[PDB]
file target-v4.pdb (PDB, C-alpha atoms)
ATOM      1  CA  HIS D   1      15.657 -18.139   4.985  1.00  0.00           C
ATOM      2  CA  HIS D   2      13.558 -14.996   5.657  1.00  0.00           C
ATOM      3  CA  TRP D   3      11.458 -13.554   2.854  1.00  0.00           C
ATOM      4  CA  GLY D   4      12.448 -10.560   0.811  1.00  0.00           C
ATOM      5  CA  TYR D   5      12.582  -9.543  -2.803  1.00  0.00           C
ATOM      6  CA  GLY D   6      15.823 -11.221  -3.911  1.00  0.00           C
ATOM      7  CA  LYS D   7      16.473 -14.139  -6.264  1.00  0.00           C
ATOM      8  CA  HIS D   8      16.664 -16.569  -3.362  1.00  0.00           C
ATOM      9  CA  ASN D   9      13.862 -15.362  -1.064  1.00  0.00           C
ATOM     10  CA  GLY D  10      11.660 -13.443  -3.514  1.00  0.00           C
ATOM     11  CA  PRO D  11       7.941 -13.580  -4.234  1.00  0.00           C
ATOM     12  CA  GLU D  12       8.314 -16.869  -6.133  1.00  0.00           C
ATOM     13  CA  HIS D  13       9.492 -18.571  -2.959  1.00  0.00           C
ATOM     14  CA  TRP D  14       6.938 -17.150  -0.436  1.00  0.00           C
ATOM     15  CA  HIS D  15       4.517 -20.082  -0.810  1.00  0.00           C
ATOM     16  CA  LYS D  16       7.001 -22.474   0.989  1.00  0.00           C
ATOM     17  CA  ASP D  17       6.599 -20.530   4.233  1.00  0.00           C
ATOM     18  CA  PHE D  18       3.126 -18.991   3.524  1.00  0.00           C
ATOM     19  CA  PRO D  19       1.002 -21.489   1.572  1.00  0.00           C
ATOM     20  CA  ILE D  20      -1.721 -18.883   1.313  1.00  0.00           C
ATOM     21  CA  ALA D  21       0.490 -17.326  -1.394  1.00  0.00           C
ATOM     22  CA  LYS D  22      -1.305 -19.597  -3.896  1.00  0.00           C
ATOM     23  CA  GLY D  23      -4.739 -18.766  -2.389  1.00  0.00           C
ATOM     24  CA  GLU D  24      -8.003 -17.763  -4.131  1.00  0.00           C
ATOM     25  CA  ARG D  25      -7.940 -14.102  -3.215  1.00  0.00           C
ATOM     26  CA  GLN D  26      -4.307 -12.938  -3.544  1.00  0.00           C
ATOM     27  CA  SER D  27      -3.171  -9.424  -4.370  1.00  0.00           C
ATOM     28  CA  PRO D  28      -2.076  -7.433  -6.282  1.00  0.00           C
ATOM     29  CA  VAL D  29      -3.882  -8.063  -9.611  1.00  0.00           C
ATOM     30  CA  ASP D  30      -3.926  -6.489 -13.097  1.00  0.00           C
ATOM     31  CA  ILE D  31      -7.042  -4.200 -13.443  1.00  0.00           C
ATOM     32  CA  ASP D  32      -8.484  -4.836 -16.956  1.00  0.00           C
ATOM     33  CA  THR D  33     -10.458  -1.671 -17.507  1.00  0.00           C
ATOM     34  CA  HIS D  34     -12.734  -3.115 -20.182  1.00  0.00           C
ATOM     35  CA  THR D  35     -13.807  -6.034 -17.917  1.00  0.00           C
ATOM     36  CA  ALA D  36     -14.345  -4.049 -14.700  1.00  0.00           C
ATOM     37  CA  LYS D  37     -18.090  -3.617 -14.059  1.00  0.00           C
ATOM     38  CA  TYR D  38     -19.464  -0.188 -13.254  1.00  0.00           C
ATOM     39  CA  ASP D  39     -21.658  -0.618 -10.097  1.00  0.00           C
ATOM     40  CA  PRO D  40     -24.015   2.347  -9.588  1.00  0.00           C
ATOM     41  CA  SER D  41     -24.826   1.115  -6.123  1.00  0.00           C
ATOM     42  CA  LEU D  42     -21.260   1.799  -4.856  1.00  0.00           C
ATOM     43  CA  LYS D  43     -21.188   4.978  -2.710  1.00  0.00           C
ATOM     44  CA  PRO D  44     -18.592   7.735  -2.853  1.00  0.00           C
ATOM     45  CA  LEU D  45     -15.655   7.202  -0.549  1.00  0.00           C
ATOM     46  CA  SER D  46     -15.508   9.225   2.656  1.00  0.00           C
ATOM     47  CA  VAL D  47     -11.948  10.108   3.798  1.00  0.00           C
ATOM     48  CA  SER D  48     -11.841  12.005   7.135  1.00  0.00           C
ATOM     49  CA  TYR D  49      -8.182  12.647   7.845  1.00  0.00           C
ATOM     50  CA  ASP D  50      -8.433  16.153   9.342  1.00  0.00           C
ATOM     51  CA  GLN D  51      -7.647  14.812  12.857  1.00  0.00           C
ATOM     52  CA  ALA D  52      -4.865  12.416  11.805  1.00  0.00           C
ATOM     53  CA  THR D  53      -2.038  11.969  14.312  1.00  0.00           C
ATOM     54  CA  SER D  54       1.194  10.655  12.807  1.00  0.00           C
ATOM     55  CA  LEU D  55       3.710   9.339  15.312  1.00  0.00           C
ATOM     56  CA  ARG D  56       6.715   7.672  13.738  1.00  0.00           C
ATOM     57  CA  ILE D  57       8.477   6.542  10.561  1.00  0.00           C
ATOM     58  CA  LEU D  58      10.283   3.212  10.476  1.00  0.00           C
ATOM     59  CA  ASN D  59      12.493   1.196   8.140  1.00  0.00           C
ATOM     60  CA  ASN D  60      11.289  -2.396   8.689  1.00  0.00           C
ATOM     61  CA  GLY D  61      13.586  -3.920   6.154  1.00  0.00           C
ATOM     62  CA  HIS D  62      11.007  -4.265   3.379  1.00  0.00           C
ATOM     63  CA  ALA D  63       9.701  -0.697   3.074  1.00  0.00           C
ATOM     64  CA  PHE D  64       9.240   2.344   5.329  1.00  0.00           C
ATOM     65  CA  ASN D  65       6.030   2.788   7.336  1.00  0.00           C
ATOM     66  CA  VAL D  66       4.578   6.068   8.641  1.00  0.00           C
ATOM     67  CA  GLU D  67       2.488   5.036  11.710  1.00  0.00           C
ATOM     68  CA  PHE D  68      -0.530   6.775  13.131  1.00  0.00           C
ATOM     69  CA  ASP D  69      -2.251   6.830  16.470  1.00  0.00           C
ATOM     70  CA  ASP D  70      -5.317   4.515  15.947  1.00  0.00           C
ATOM     71  CA  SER D  71      -6.568   4.499  19.602  1.00  0.00           C
ATOM     72  CA  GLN D  72      -9.581   6.603  18.580  1.00  0.00           C
ATOM     73  CA  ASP D  73     -11.544   7.488  15.459  1.00  0.00           C
ATOM     74  CA  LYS D  74      -9.143  10.246  14.314  1.00  0.00           C
ATOM     75  CA  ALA D  75      -8.341   9.330  10.661  1.00  0.00           C
ATOM     76  CA  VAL D  76     -11.014   7.041   9.156  1.00  0.00           C
ATOM     77  CA  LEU D  77     -12.300   5.732   5.850  1.00  0.00           C
ATOM     78  CA  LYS D  78     -15.957   4.807   5.309  1.00  0.00           C
ATOM     79  CA  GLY D  79     -18.475   4.631   2.454  1.00  0.00           C
ATOM     80  CA  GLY D  80     -17.382   3.204  -0.922  1.00  0.00           C
ATOM     81  CA  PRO D  81     -17.923  -0.566  -0.739  1.00  0.00           C
ATOM     82  CA  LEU D  82     -17.366  -0.592   3.064  1.00  0.00           C
ATOM     83  CA  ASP D  83     -19.770  -1.200   5.907  1.00  0.00           C
ATOM     84  CA  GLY D  84     -18.533   0.406   9.139  1.00  0.00           C
ATOM     85  CA  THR D  85     -15.589   2.595   9.939  1.00  0.00           C
ATOM     86  CA  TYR D  86     -11.985   1.766   9.238  1.00  0.00           C
ATOM     87  CA  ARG D  87      -9.207   3.581  11.104  1.00  0.00           C
ATOM     88  CA  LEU D  88      -5.917   4.497   9.484  1.00  0.00           C
ATOM     89  CA  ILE D  89      -3.002   2.645  11.152  1.00  0.00           C
ATOM     90  CA  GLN D  90      -0.078   3.151   8.673  1.00  0.00           C
ATOM     91  CA  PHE D  91       0.938   4.022   5.112  1.00  0.00           C
ATOM     92  CA  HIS D  92       3.887   2.624   3.089  1.00  0.00           C
ATOM     93  CA  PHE D  93       5.099   2.526  -0.518  1.00  0.00           C
ATOM     94  CA  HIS D  94       6.302  -0.009  -3.094  1.00  0.00           C
ATOM     95  CA  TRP D  95       8.800   1.268  -5.757  1.00  0.00           C
ATOM     96  CA  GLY D  96      11.129   0.249  -8.556  1.00  0.00           C
ATOM     97  CA  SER D  97      14.802   0.438  -9.488  1.00  0.00           C
ATOM     98  CA  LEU D  98      13.617   2.339 -12.664  1.00  0.00           C
ATOM     99  CA  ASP D  99      10.687   4.615 -13.420  1.00  0.00           C
ATOM    100  CA  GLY D 100       8.938   1.976 -15.559  1.00  0.00           C
ATOM    101  CA  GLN D 101       8.259  -0.414 -12.695  1.00  0.00           C
ATOM    102  CA  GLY D 102       7.411  -0.270  -9.016  1.00  0.00           C
ATOM    103  CA  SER D 103       3.591  -0.475  -8.558  1.00  0.00           C
ATOM    104  CA  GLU D 104       1.990  -3.731  -7.381  1.00  0.00           C
ATOM    105  CA  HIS D 105      -1.423  -3.263  -9.093  1.00  0.00           C
ATOM    106  CA  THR D 106      -1.231  -2.627 -12.872  1.00  0.00           C
ATOM    107  CA  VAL D 107      -3.876  -0.978 -15.094  1.00  0.00           C
ATOM    108  CA  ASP D 108      -4.335  -2.769 -18.425  1.00  0.00           C
ATOM    109  CA  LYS D 109      -0.808  -4.117 -17.757  1.00  0.00           C
ATOM    110  CA  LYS D 110       0.650  -0.604 -17.221  1.00  0.00           C
ATOM    111  CA  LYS D 111       3.104  -0.426 -14.291  1.00  0.00           C
ATOM    112  CA  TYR D 112       3.533   2.907 -12.408  1.00  0.00           C
ATOM    113  CA  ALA D 113       6.731   4.149 -10.709  1.00  0.00           C
ATOM    114  CA  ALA D 114       5.373   3.441  -7.256  1.00  0.00           C
ATOM    115  CA  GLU D 115       2.276   2.614  -5.258  1.00  0.00           C
ATOM    116  CA  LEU D 116       1.160   4.078  -1.942  1.00  0.00           C
ATOM    117  CA  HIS D 117      -0.894   1.900   0.468  1.00  0.00           C
ATOM    118  CA  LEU D 118      -2.967   3.583   3.244  1.00  0.00           C
ATOM    119  CA  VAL D 119      -3.835   0.698   5.576  1.00  0.00           C
ATOM    120  CA  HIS D 120      -7.074   0.754   7.643  1.00  0.00           C
ATOM    121  CA  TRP D 121      -8.667  -1.760  10.028  1.00  0.00           C
ATOM    122  CA  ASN D 122     -12.359  -2.387  10.793  1.00  0.00           C
ATOM    123  CA  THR D 123     -13.241  -0.898  14.208  1.00  0.00           C
ATOM    124  CA  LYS D 124     -15.796  -3.616  14.932  1.00  0.00           C
ATOM    125  CA  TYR D 125     -12.815  -5.916  15.552  1.00  0.00           C
ATOM    126  CA  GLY D 126     -11.231  -3.844  18.332  1.00  0.00           C
ATOM    127  CA  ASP D 127      -7.591  -4.068  17.185  1.00  0.00           C
ATOM    128  CA  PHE D 128      -5.463  -4.574  14.033  1.00  0.00           C
ATOM    129  CA  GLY D 129      -4.342  -8.052  15.126  1.00  0.00           C
ATOM    130  CA  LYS D 130      -7.983  -9.278  15.325  1.00  0.00           C
ATOM    131  CA  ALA D 131      -8.978  -7.460  12.108  1.00  0.00           C
ATOM    132  CA  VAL D 132      -6.426  -9.422   9.931  1.00  0.00           C
ATOM    133  CA  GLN D 133      -8.164 -12.701  10.844  1.00  0.00           C
ATOM    134  CA  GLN D 134     -11.512 -11.553   9.247  1.00  0.00           C
ATOM    135  CA  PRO D 135     -12.616 -11.476   5.611  1.00  0.00           C
ATOM    136  CA  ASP D 136     -13.578  -7.797   5.938  1.00  0.00           C
ATOM    137  CA  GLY D 137     -10.936  -6.777   8.504  1.00  0.00           C
ATOM    138  CA  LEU D 138      -8.911  -4.304   6.427  1.00  0.00           C
ATOM    139  CA  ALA D 139      -9.469  -1.690   3.742  1.00  0.00           C
ATOM    140  CA  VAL D 140      -6.373  -0.537   1.814  1.00  0.00           C
ATOM    141  CA  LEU D 141      -6.475   2.617  -0.347  1.00  0.00           C
ATOM    142  CA  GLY D 142      -3.902   2.162  -3.174  1.00  0.00           C
ATOM    143  CA  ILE D 143      -2.679   5.290  -5.094  1.00  0.00           C
ATOM    144  CA  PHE D 144      -0.310   5.125  -8.040  1.00  0.00           C
ATOM    145  CA  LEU D 145       2.626   7.486  -8.390  1.00  0.00           C
ATOM    146  CA  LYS D 146       3.907   8.541 -11.851  1.00  0.00           C
ATOM    147  CA  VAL D 147       7.067  10.687 -12.380  1.00  0.00           C
ATOM    148  CA  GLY D 148       6.360  14.264 -13.454  1.00  0.00           C
ATOM    149  CA  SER D 149       6.028  17.361 -11.229  1.00  0.00           C
ATOM    150  CA  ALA D 150       7.011  17.221  -7.522  1.00  0.00           C
ATOM    151  CA  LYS D 151       4.322  16.559  -4.909  1.00  0.00           C
ATOM    152  CA  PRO D 152       4.783  19.237  -2.243  1.00  0.00           C
ATOM    153  CA  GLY D 153       3.000  17.185   0.438  1.00  0.00           C
ATOM    154  CA  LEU D 154       5.418  14.271   0.020  1.00  0.00           C
ATOM    155  CA  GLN D 155       8.545  16.362   0.744  1.00  0.00           C
ATOM    156  CA  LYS D 156       8.471  16.032   4.551  1.00  0.00           C
ATOM    157  CA  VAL D 157       8.639  12.262   4.012  1.00  0.00           C
ATOM    158  CA  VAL D 158      11.479  12.474   1.499  1.00  0.00           C
ATOM    159  CA  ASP D 159      13.541  14.656   3.844  1.00  0.00           C
ATOM    160  CA  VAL D 160      13.520  12.202   6.813  1.00  0.00           C
ATOM    161  CA  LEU D 161      14.637   9.111   4.850  1.00  0.00           C
ATOM    162  CA  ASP D 162      18.367   9.791   5.504  1.00  0.00           C
ATOM    163  CA  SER D 163      17.630   9.237   9.194  1.00  0.00           C
ATOM    164  CA  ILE D 164      16.052   5.749   8.738  1.00  0.00           C
ATOM    165  CA  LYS D 165      18.401   4.435   6.106  1.00  0.00           C
ATOM    166  CA  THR D 166      18.841   0.874   7.379  1.00  0.00           C
ATOM    167  CA  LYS D 167      16.575  -1.807   8.759  1.00  0.00           C
ATOM    168  CA  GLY D 168      15.304  -1.296  12.322  1.00  0.00           C
ATOM    169  CA  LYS D 169      15.841   2.483  12.321  1.00  0.00           C
ATOM    170  CA  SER D 170      12.966   4.780  13.256  1.00  0.00           C
ATOM    171  CA  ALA D 171      12.356   8.515  13.728  1.00  0.00           C
ATOM    172  CA  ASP D 172       9.749  10.679  15.442  1.00  0.00           C
ATOM    173  CA  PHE D 173       7.370  11.874  12.726  1.00  0.00           C
ATOM    174  CA  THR D 174       4.556  14.033  14.121  1.00  0.00           C
ATOM    175  CA  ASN D 175       2.170  16.403  12.475  1.00  0.00           C
ATOM    176  CA  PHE D 176       2.276  14.863   8.959  1.00  0.00           C
ATOM    177  CA  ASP D 177      -1.080  15.355   7.092  1.00  0.00           C
ATOM    178  CA  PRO D 178      -1.833  12.492   4.721  1.00  0.00           C
ATOM    179  CA  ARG D 179      -4.372  14.664   2.870  1.00  0.00           C
ATOM    180  CA  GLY D 180      -1.373  16.015   0.954  1.00  0.00           C
ATOM    181  CA  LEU D 181      -1.005  12.595  -0.796  1.00  0.00           C
ATOM    182  CA  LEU D 182      -4.534  12.375  -2.316  1.00  0.00           C
ATOM    183  CA  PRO D 183      -5.294  12.945  -5.994  1.00  0.00           C
ATOM    184  CA  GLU D 184      -8.097  15.361  -6.871  1.00  0.00           C
ATOM    185  CA  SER D 185     -10.624  12.625  -7.830  1.00  0.00           C
ATOM    186  CA  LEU D 186     -11.741   9.757  -5.572  1.00  0.00           C
ATOM    187  CA  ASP D 187     -13.057   7.519  -8.431  1.00  0.00           C
ATOM    188  CA  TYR D 188     -11.912   3.939  -7.763  1.00  0.00           C
ATOM    189  CA  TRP D 189     -11.881   0.298  -8.601  1.00  0.00           C
ATOM    190  CA  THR D 190     -12.603  -2.241  -5.811  1.00  0.00           C
ATOM    191  CA  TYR D 191     -12.111  -6.025  -5.336  1.00  0.00           C
ATOM    192  CA  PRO D 192     -11.621  -8.478  -2.411  1.00  0.00           C
ATOM    193  CA  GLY D 193      -7.935  -9.360  -1.946  1.00  0.00           C
ATOM    194  CA  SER D 194      -5.043  -9.769   0.510  1.00  0.00           C
ATOM    195  CA  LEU D 195      -1.986  -8.168   2.108  1.00  0.00           C
ATOM    196  CA  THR D 196       0.819  -8.072  -0.546  1.00  0.00           C
ATOM    197  CA  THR D 197       3.617  -9.134   1.840  1.00  0.00           C
ATOM    198  CA  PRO D 198       3.784 -12.159   4.210  1.00  0.00           C
ATOM    199  CA  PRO D 199       1.608 -13.214   5.987  1.00  0.00           C
ATOM    200  CA  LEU D 200      -0.476 -12.509   2.817  1.00  0.00           C
ATOM    201  CA  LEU D 201      -3.780 -12.800   4.728  1.00  0.00           C
ATOM    202  CA  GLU D 202      -6.928 -12.594   2.634  1.00  0.00           C
ATOM    203  CA  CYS D 203      -8.552  -9.889   4.730  1.00  0.00           C
ATOM    204  CA  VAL D 204      -8.506  -6.852   2.500  1.00  0.00           C
ATOM    205  CA  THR D 205     -11.091  -4.912   0.579  1.00  0.00           C
ATOM    206  CA  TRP D 206      -8.905  -3.034  -1.934  1.00  0.00           C
ATOM    207  CA  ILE D 207      -9.824   0.487  -2.995  1.00  0.00           C
ATOM    208  CA  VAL D 208      -7.567   1.476  -5.950  1.00  0.00           C
ATOM    209  CA  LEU D 209      -7.792   5.143  -7.097  1.00  0.00           C
ATOM    210  CA  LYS D 210      -8.017   5.722 -10.814  1.00  0.00           C
ATOM    211  CA  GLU D 211      -6.077   8.995 -10.777  1.00  0.00           C
ATOM    212  CA  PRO D 212      -2.335   8.804 -10.072  1.00  0.00           C
ATOM    213  CA  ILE D 213      -0.439  11.476  -8.149  1.00  0.00           C
ATOM    214  CA  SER D 214       2.773  12.901  -9.655  1.00  0.00           C
ATOM    215  CA  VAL D 215       6.139  12.951  -7.903  1.00  0.00           C
ATOM    216  CA  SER D 216       9.441  14.305  -9.218  1.00  0.00           C
ATOM    217  CA  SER D 217      12.277  12.124 -10.362  1.00  0.00           C
ATOM    218  CA  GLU D 218      14.306  13.532  -7.464  1.00  0.00           C
ATOM    219  CA  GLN D 219      11.627  12.565  -4.927  1.00  0.00           C
ATOM    220  CA  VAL D 220      11.563   8.922  -6.160  1.00  0.00           C
ATOM    221  CA  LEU D 221      15.360   8.944  -6.270  1.00  0.00           C
ATOM    222  CA  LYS D 222      15.553   9.374  -2.486  1.00  0.00           C
ATOM    223  CA  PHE D 223      13.371   6.282  -1.932  1.00  0.00           C
ATOM    224  CA  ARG D 224      15.928   4.213  -3.859  1.00  0.00           C
ATOM    225  CA  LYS D 225      18.649   5.268  -1.380  1.00  0.00           C
ATOM    226  CA  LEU D 226      17.181   3.270   1.472  1.00  0.00           C
ATOM    227  CA  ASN D 227      18.580  -0.111   2.457  1.00  0.00           C
ATOM    228  CA  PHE D 228      17.128  -3.567   3.043  1.00  0.00           C
ATOM    229  CA  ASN D 229      20.078  -4.421   5.303  1.00  0.00           C
ATOM    230  CA  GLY D 230      20.684  -3.344   8.857  1.00  0.00           C
ATOM    231  CA  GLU D 231      23.419  -0.977   9.982  1.00  0.00           C
ATOM    232  CA  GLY D 232      26.874  -2.446   9.483  1.00  0.00           C
ATOM    233  CA  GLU D 233      25.780  -5.158   7.007  1.00  0.00           C
ATOM    234  CA  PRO D 234      26.778  -5.166   3.346  1.00  0.00           C
ATOM    235  CA  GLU D 235      24.625  -2.667   1.474  1.00  0.00           C
ATOM    236  CA  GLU D 236      21.618  -3.812  -0.527  1.00  0.00           C
ATOM    237  CA  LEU D 237      19.550  -0.862  -1.824  1.00  0.00           C
ATOM    238  CA  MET D 238      15.784  -1.047  -1.119  1.00  0.00           C
ATOM    239  CA  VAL D 239      14.374  -1.169  -4.669  1.00  0.00           C
ATOM    240  CA  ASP D 240      11.825  -3.343  -6.447  1.00  0.00           C
ATOM    241  CA  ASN D 241       9.929  -4.225  -3.213  1.00  0.00           C
ATOM    242  CA  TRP D 242       6.747  -5.067  -5.234  1.00  0.00           C
ATOM    243  CA  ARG D 243       4.933  -8.379  -5.679  1.00  0.00           C
ATOM    244  CA  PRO D 244       3.852  -9.178  -9.251  1.00  0.00           C
ATOM    245  CA  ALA D 245       0.188  -9.487 -10.234  1.00  0.00           C
ATOM    246  CA  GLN D 246      -1.622 -12.667  -9.103  1.00  0.00           C
ATOM    247  CA  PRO D 247      -4.451 -14.535 -10.850  1.00  0.00           C
ATOM    248  CA  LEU D 248      -7.917 -12.981 -10.463  1.00  0.00           C
ATOM    249  CA  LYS D 249      -9.544 -16.422 -10.192  1.00  0.00           C
ATOM    250  CA  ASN D 250     -13.216 -16.201  -9.221  1.00  0.00           C
ATOM    251  CA  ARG D 251     -13.320 -12.419  -8.589  1.00  0.00           C
ATOM    252  CA  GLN D 252     -14.898  -9.377 -10.136  1.00  0.00           C
ATOM    253  CA  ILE D 253     -13.412  -5.915 -10.117  1.00  0.00           C
ATOM    254  CA  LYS D 254     -16.084  -3.222  -9.748  1.00  0.00           C
ATOM    255  CA  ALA D 255     -15.708   0.426 -10.769  1.00  0.00           C
ATOM    256  CA  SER D 256     -17.273   3.468  -9.088  1.00  0.00           C
ATOM    257  CA  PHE D 257     -17.339   5.362 -12.442  1.00  0.00           C
ATOM    258  CA  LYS D 258     -17.905   4.834 -16.134  1.00  0.00           C
TER     259      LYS D 258
END
call {"tool": "encode", "arguments": {"input": "target-v4.pdb", "output": "C-alpha cells"}}
result
Amino acid sequence: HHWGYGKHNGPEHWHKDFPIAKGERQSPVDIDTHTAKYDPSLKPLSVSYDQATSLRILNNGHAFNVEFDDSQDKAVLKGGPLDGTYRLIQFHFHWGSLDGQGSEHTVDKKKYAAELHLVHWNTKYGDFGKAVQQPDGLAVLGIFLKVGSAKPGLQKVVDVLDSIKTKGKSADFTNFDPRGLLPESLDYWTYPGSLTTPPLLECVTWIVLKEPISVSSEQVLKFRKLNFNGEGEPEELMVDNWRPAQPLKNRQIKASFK
C-alpha cells in the first residue's frame, strides 16, 4: 500500500512502486574512510544562515520537517563541491528505536543515533520541484548525532514535538536559527547520490560532515514519542525511519581533509 518503514511497506519493498530504488546512484551509503580520496581541489564549504527564516514544523508521517522561507537568498550553501548557490528549504531527522541505530549514512559501518538532513535546492532551477529533476538540483548537508551532552540549540525543536505528535499536524515555528545545529568543524565527505525516501530521485550532491554533534538521551527520547499514524488511528511510534546503506556501484567518495 503506501510506503513506510514497516515489515510490509519498508525499504525492501520500495522498488515495486519506485524502480529507481535499485538505481546506480542511491543513498545512503557506507563511507569507508580508508577508500575515500582526499581531493585538495575541493573548496571549504560556505554556510550563510544568518538571515534564515523558519516558518513551520510539520509531522508528515515519516519524519518531522522544519520549513524555511526560500523565496529569496536568505539561508544558502555554496562552495565545497558545488557550483552556484543552493537555498535551504527544510531540515529533518532520521532516528532509531535504540541509541545504536538511527543514521542513514554509516562511517566504516558505524551507525549513529540519528542523522540530520539540511535540504537545499539549486537556484538556477527556479523552484524545488524543477531542481529534483536535475542531476545537480539538490545539495543535502548530513550531520550525525551521537548521545552524550545536550545540544542547547536543539531544545526549541524538542519542546514543540508534543504539538505535532501525529501525521498531518503542523505548528508555527518562527525565529529558529539552524546555526545552533552545526558542529565546530566543516570537514566533509562528498559523493553524488539521491533522496533517501520515495521518490528516491538521483538529484543530490551529498555533503556529510565528519564531526558529529552530541544530543542528550532525553532529547532523542522525545523524538521517539512521535507517531507515524494520524490522530485517532492505532498508535505506531515514529522510530527507525532510516533506509539502510545502498551499494556504491561506480562512485567515488571524496574527502575535504586528510
call {"tool": "resolve_selection", "arguments": {"input": "target-v4.pdb", "expression": "the PyMOL selection byres ((chain D and resi 237) around 9)", "output": "VMD selection string"}}
result
chain D and resid 224 to 229 235 to 236 238 to 239
call {"tool": "residues_near_point", "arguments": {"input": "target-v4.pdb", "point": "(6.9, 5.3, 3.1)", "cutoff": "9 Å", "atoms": "all atoms listed in the file", "output": "JSON, numbers by chain"}}
result
{"D": [57, 58, 59, 63, 64, 65, 66, 91, 92, 93, 94, 116, 117, 157, 158, 161, 223]}
call {"tool": "resolve_selection", "arguments": {"input": "target-v4.pdb", "expression": "the PyMOL selection byres ((chain D and resi 77) around 7)", "output": "list in words"}}
result
residues 46, 47, 48, 76, 78, 85, 86 and 87 of chain D
call {"tool": "resolve_selection", "arguments": {"input": "target-v4.pdb", "expression": "the PyMOL selection byres ((chain D and resi 115) around 12)", "output": "compact mmCIF listing (two decimals) with C-alpha atoms, in the coordinates of the input"}}
result
# COMPACT_ATOMS: atom_id res chain seq x y z
CA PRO D 28 -2.08 -7.43 -6.28
CA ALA D 63 9.70 -0.70 3.07
CA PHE D 91 0.94 4.02 5.11
CA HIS D 92 3.89 2.62 3.09
CA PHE D 93 5.10 2.53 -0.52
CA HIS D 94 6.30 -0.01 -3.09
CA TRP D 95 8.80 1.27 -5.76
CA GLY D 96 11.13 0.25 -8.56
CA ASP D 99 10.69 4.62 -13.42
CA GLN D 101 8.26 -0.41 -12.70
CA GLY D 102 7.41 -0.27 -9.02
CA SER D 103 3.59 -0.48 -8.56
CA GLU D 104 1.99 -3.73 -7.38
CA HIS D 105 -1.42 -3.26 -9.09
CA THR D 106 -1.23 -2.63 -12.87
CA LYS D 111 3.10 -0.43 -14.29
CA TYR D 112 3.53 2.91 -12.41
CA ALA D 113 6.73 4.15 -10.71
CA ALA D 114 5.37 3.44 -7.26
CA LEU D 116 1.16 4.08 -1.94
CA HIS D 117 -0.89 1.90 0.47
CA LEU D 118 -2.97 3.58 3.24
CA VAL D 140 -6.37 -0.54 1.81
CA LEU D 141 -6.48 2.62 -0.35
CA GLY D 142 -3.90 2.16 -3.17
CA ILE D 143 -2.68 5.29 -5.09
CA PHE D 144 -0.31 5.12 -8.04
CA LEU D 145 2.63 7.49 -8.39
CA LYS D 146 3.91 8.54 -11.85
CA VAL D 147 7.07 10.69 -12.38
CA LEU D 181 -1.00 12.60 -0.80
CA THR D 196 0.82 -8.07 -0.55
CA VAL D 208 -7.57 1.48 -5.95
CA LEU D 209 -7.79 5.14 -7.10
CA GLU D 211 -6.08 8.99 -10.78
CA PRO D 212 -2.34 8.80 -10.07
CA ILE D 213 -0.44 11.48 -8.15
CA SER D 214 2.77 12.90 -9.65
CA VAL D 215 6.14 12.95 -7.90
CA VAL D 220 11.56 8.92 -6.16
CA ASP D 240 11.82 -3.34 -6.45
CA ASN D 241 9.93 -4.22 -3.21
CA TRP D 242 6.75 -5.07 -5.23
CA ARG D 243 4.93 -8.38 -5.68
call {"tool": "atom_distance", "arguments": {"input": "target-v4.pdb", "atom1": "CA of residue 22 in chain D", "atom2": "CA of residue 244 in chain D"}}
result
12.8 Å
call {"tool": "atom_distance", "arguments": {"input": "target-v4.pdb", "atom1": "CA of residue 217 in chain D", "atom2": "CA of residue 148 in chain D"}}
result
7.0 Å
call {"tool": "axis_aligned_box", "arguments": {"input": "target-v4.pdb", "around": "range 3-12 of chain D", "padding_each_side": "8 Å", "output": "JSON"}}
result
{"center_x": 12.3, "center_y": -13.2, "center_z": -1.7, "size_x": 24.7, "size_y": 23.3, "size_z": 25.1}
